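Below is one structure, written out as structure tokens; comments come after it.
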Amino acid sequence: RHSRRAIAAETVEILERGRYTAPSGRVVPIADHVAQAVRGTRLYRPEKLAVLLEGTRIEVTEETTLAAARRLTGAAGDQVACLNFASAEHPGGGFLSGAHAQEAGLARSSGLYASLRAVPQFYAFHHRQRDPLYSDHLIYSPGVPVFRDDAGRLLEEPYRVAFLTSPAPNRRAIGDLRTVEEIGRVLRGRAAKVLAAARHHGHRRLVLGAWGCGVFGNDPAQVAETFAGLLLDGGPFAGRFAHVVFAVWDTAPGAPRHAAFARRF
């Protein structure tokens with residue numbers, strides 16, 4: 001936990017310095033790619049994504065999001081898109097505090113924070129909203145360099161992925177004060193918009209996972225079913241992506257997040 005905090009601080013200095021040192025001693029430049037990702041970052045408002053909506057190999061694995069991205073990236077030259085299980089209020093989630101979360105791991109391992117911190121409108125919107133359902137706002141971050149592996153080791157060779165940043169409903173704060181069906185309807189609408197944005201930006205390969213099933217307390221089974229409804233049985237995204245990985249690395253005993261996706265997919 002104090003190590004995460006250290007890794008996060010070091011990642012941030014790397015983003016400021018524009019270069020890092022690999023285990024081999026090779027000095028790796030990332031300034032240009034970081035700058036491109038930031039300049040290419042876009043905020044999509046709910047009604048803009050709605051417009052995109054008006055216009056397949058499936059794997060379930062125990063990989064981290066970035067492990068899956070790196071495997072796909074080594075296998076073909078089209079840039080992979082990864083879903084960031086976004087905090088609605090804090091870019092990078094809690095990573096600089098040393099938080100343990102999917103988003104924090106992305107922020108520690110990549111240029112993602114440089115992109116997200118550049119979109120204050122997204123965070124200010126949810127701050128003012130104060131509603132744990134959040135919104136369909138989405139940040140699209142193209143060509144973000146990734147330069148750490150799962151253990152936190154810097155990479156001899158960085159790679160690039162696109163991130164899609166969209167917050168799942170904070171079901172923990174909602175409790176039973178909204179129905180299972182309302183939450184499901186919000187999830188399905190928001191997931192549709194995420195897939196629409198990915199497809200719109202030319203991404204044929206996606207890394208998804210147990211979105212919102214950490215602190216936010218979403219039901220992994222309901223999340224799996226949300227994606228299945230979009231991607232399978234003639235759903236709106238059936239056959240539109242070449243490859244979708246549900247990368248579900250679950251630390252908890254019984255790996256229940258993973259189990260629900262394995263079962264469904």
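Count residues from 1 along the sequence. Worth knowing before you read on, the calculation uses all heavy atoms, side chains too, and leaves out hydrogens, waters and symmetry mates.
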Side chain to side chain donor-acceptor pair (under 3.5 Å) involving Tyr44 - partner list, sequence neighbours excluded: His201

Least distance between heavy atoms, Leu155 atom then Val28 atom: O-CG2, 4.2 Å

Main-chain N/O of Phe95 paired to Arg108 side chain as donor or acceptor, under 3.5 Å: no

Heavy atoms of other groups near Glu54 CD, more than 12 under 6.0 Å: no

Residues that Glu10 engages under salt bridge (charged side-chain N to carboxylate O under 4.0 Å, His left out), provided they are two or more places apart: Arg148

Hydrophobic cluster membership, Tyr123 vs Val215, 4.5 Å side-chain cutoff: no

ring-ring contact (aromatic ring centres under 6.0 Å, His included) partners of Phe147, counting only residues at least two apart: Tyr20

Common cluster, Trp249/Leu66, ILVMFWY with side-chain heavy-atom separation under 4.5 Å: no

Qualifying residues under side chain to side chain donor-acceptor pair (under 3.5 Å), relative to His90, sequence neighbours excluded: none

Set of side chain to side chain contact (heavy atoms under 4.5 Å, CB included) partners for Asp150, sequence neighbours left out: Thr64, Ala67

Same cluster (ILVMFWY, side-chain, under 4.5 Å), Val194 and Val119: no

Expected output: side-chain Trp211 to main-chain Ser166 donor-acceptor under 3.5 Å: yes

Remaining members of the apolar cluster that contains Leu72, side-chain heavy atoms under 4.5 Å: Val80, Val207, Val245

Listed pairs under 3.5 Å, donor-acceptor, residues 132-139 side chains, sequence neighbours left out:
residue: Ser135; atom: OG; partner: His126; partner atom: NE2; Å: 2.6
residue: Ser135; atom: OG; partner: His137; partner atom: N; Å: 3.2
residue: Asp136; atom: OD1; partner: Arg190; partner atom: NE; Å: 2.9
residue: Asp136; atom: OD2; partner: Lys193; partner atom: NZ; Å: 2.8

For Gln121, side chain to side chain donor-acceptor pair (under 3.5 Å) partners two or more places apart: none

Exercise answer: donor-acceptor pairs, residues 253-265 side-chain atoms, under 3.5 Å, sequence neighbours excluded:
residue: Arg257; atom: NE; partner: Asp250; partner atom: OD2; Å: 2.9
residue: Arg257; atom: NH1; partner: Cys213; partner atom: O; Å: 2.8
residue: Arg257; atom: NH2; partner: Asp250; partner atom: OD1; Å: 3.4
residue: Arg264; atom: NE; partner: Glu225; partner atom: OE1; Å: 2.9

Cluster link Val161 to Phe85, ILVMFWY, side chain under 4.5 Å: no

Under 3.5 Å, sequence neighbours excluded: what are the donor-acceptor pairs made by side chains of residues 227-234?
none

Side chain to side chain contact (heavy atoms under 4.5 Å, CB included) evaluation trace for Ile58 with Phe246: CA-CA 8 Å; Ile58 305 183; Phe246 294 95; 3.7 Å; yes

Closest approach of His203 to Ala162 (non-hydrogen atoms, all atoms of both residues): NE2-CB, 3.2 Å

Acceptor/donor pairs from residues 12-19 side chains to any protein atom, 3.5 angstrom cut, sequence neighbours excluded:
residue: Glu16; atom: OE2; partner: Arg117; partner atom: NH1; Å: 3.2
residue: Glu16; atom: OE2; partner: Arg117; partner atom: NH2; Å: 3.2

Member of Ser115, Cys82, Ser110 meeting the side-chain contact (heavy atoms from CB on, under 4.5 Å) criterion with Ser141: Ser115

Donor-acceptor under 3.5 Å (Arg160 side chain, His33 main chain): no

For the student: nearest non-hydrogen atoms of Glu89 and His127, plus distance: O-NE2, 3.2 Å

Set of side chain to side chain donor-acceptor pair (under 3.5 Å) partners for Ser109, sequence neighbours left out: none

Which atom of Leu106 lies closest to which atom of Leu112, heavy atoms considered: CB-CD2, 3.6 Å

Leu53-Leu43 co-clustered via ILVMFWY side chain contacts under 4.5 Å: no

Under 3.5 Å side-chain donor-acceptor pair for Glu103 and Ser87: no

